[PDB]
Every structure is written in C-alpha cells, then in structure tokens.
Amino acid sequence: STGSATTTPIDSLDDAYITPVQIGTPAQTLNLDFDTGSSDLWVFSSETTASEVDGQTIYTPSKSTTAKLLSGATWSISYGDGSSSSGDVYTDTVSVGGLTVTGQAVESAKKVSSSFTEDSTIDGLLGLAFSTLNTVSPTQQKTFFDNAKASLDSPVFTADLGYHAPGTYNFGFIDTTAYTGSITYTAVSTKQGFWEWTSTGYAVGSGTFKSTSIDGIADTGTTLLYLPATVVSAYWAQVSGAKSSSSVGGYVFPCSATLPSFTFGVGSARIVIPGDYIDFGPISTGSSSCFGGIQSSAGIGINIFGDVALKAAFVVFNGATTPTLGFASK
C-alpha cells in the first residue's frame, strides 16, 4: 500500500504545517501537525476541557463505530517549546492520504496547554519519530508509520514541505518526480528515539564550505533551524544590524535586510536554504525588527534541523531495519 497527503502552512510565515487525517467510522477529518520529533498521535476531542478548546475540530469517539477505549491507558507529553497535553487513549481506524491503519492508538486530550488552545488551526499532532518515545502508559503504543510499515510497498515516508506553499507527505514510495538530482542517504542513530544524523558542515551565502560534524535531528514539528552558537554567529555576522536579543529570545535583524543563503552538508552533497526562508517577519505587529529563522541550539541540548532546513529539501525517512535519512534538492 501507499498514501499521499498534502500538507499546508498554517499561516503566512510557515510557522507549522497541517495535514488532513481521517479518524473513525464514519470518518472525522482533523488537521494534524505531522511531527518527526515526537511519537504520539493525539487530538483535540470531546473530552478536552471546554475552556481549552477555541476553534479546533474535535474527535468524538462516541460517534465512531470503530473506536474502542484502550482500558487503563493514559498519556502525557511535554514538548521542547514548553507546551504540553495529556489524556486517555482509544484505538480506531486512521487514514492518511488513502493509507489506512486499523487499531491505531488515538490519544484523546483531556488537557492541553495554552499554546495549543491559542492555535485554532492545529487539531492535534501525528508523531513520526520512533515508537520508543511514545508516552502511553502502562502499555507503550506504536506510531502510525510503525503500524503501517509492513503493509507499505517500501518502509519509508517522505517529507516535501513547501516554502509559503503547500507540499506533500508520502508513505510507502519515493516520488522520483519530486526532486532534482540524486538523493543522498546518511546514517541515523535511533538511540535517543529521533531521526538523528550528522551533517558534514555548512556555508553562509557564497562563502566557503566549512567541513565540521553537526549532530542533529530531522524534525518536521520544529519551525526553525537550531544550530551551535558558533555556526549561528557566523551566519548572522553577514547581516548588517543583526543581533541576539535576550528580550526577544533570539537573533533579530532589520526587516530591510536581504538575507544570505545557508548551506548544510549531507555527506558530499549540499542543501541550500535560500535567504528568504530564514525571514520570520516582524517580532511584533508593525515592528521593523524581524525574527531570524536560524537560532542557537545552546541550552536545548540538541541541534534541530526543523522546517527552515527541511523545506529546502526532499527528505526520505527510511524505516528499514537499519533506518537512514535521504536528502535531495528540489
């Protein structure tokens, strides 16, 4: 089998991407944030504290003839940005772009933190990291991809995120028309439960490539590109007036600037992030100070190749017995 679904930016800045997901019988379609940095599929639901719901589409398991309470199971998750959610668990039929998994764990939110409430466009998350990070207790549950794997034509999914435009998540096949040149594959460590890999270095604008190992994760659920302070300082030094602002919480730059590109290495290959991808607009409405899309990972504890990086590439998440990652230009 295969699946193919369009993923759409939630706003003009590409702050996140939503993908329609069919849950239950009859189908209830929710727009989920596909997140290769976590491993829980959770949704706003009929069980979510009413004051914590503001515009989201909810899953109502009592209206699904295929929903079954997973007795005794609970979940609770916290994300790198400080947000969180928790609740109980059903199993139900879940379909993504024509690909169907029966008995998928659908984690029903009873509580969500304010950042989720405040985002009316995201109805939940669909985790695509390794199932070892799944938070369901006392019986850990498998991701959608993990459940689908055996049935897929090939045990892979691909992320093709758009810049200020829709893109595509595919399951079970590589669309050879979706990228240019070749796909370069690179090793993955699953030891932390992430799609963790090592970039071979970077360049700023038209500058020379610096060969240096950068360990990080491919995370579609993180907006920005988080890299070591040395690398990030080298980038923003090429932007007149750019500075790290503690009050804002990262690098800002004059909105009148033309940003340089940023290149990262995948083995001997190179992915170029155009400068415009690194502009996340005024820090506040009407400001002439703009927020940077490349930020320091210092204090996160890990480097994160988030959407800013991934949307410059066609990315293969290869879930073979020994997982790997592939990157192609597009």
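Residues displayed in chain A correspond, in order, to Swiss-Prot positions 90-419.
Positions of Cβ are set from backbone N, Cα and C atoms, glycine also.
Quick look at what Swiss-Prot annotates:
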- 106-417: domain 'Peptidase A1' (DOMAIN)
- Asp124: active site (ACT_SITE)
- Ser288: active site (ACT_SITE)
- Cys344-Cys379: disulfide bond (DISULFID)
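Annotated features taken from Swiss-Prot, shown on the structure.
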residue	record	CB count, 10 Å
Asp124	active site	21
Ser288	active site	22
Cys344	disulfide bond	15
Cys379	disulfide bond	22
Length of the line joining the Cα atoms of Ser288 (active site) and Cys379 (disulfide bond), in Å:
27
Fill in the CA-CA distance, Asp124 (active site) to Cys379 (disulfide bond), as an integer in Å.
26
Look up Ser288 (active site) in the DSSP assignment and report helix, strand or coil.
strand
For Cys344 (disulfide bond), which of the three DSSP-derived states applies: helix, strand, or coil?
coil
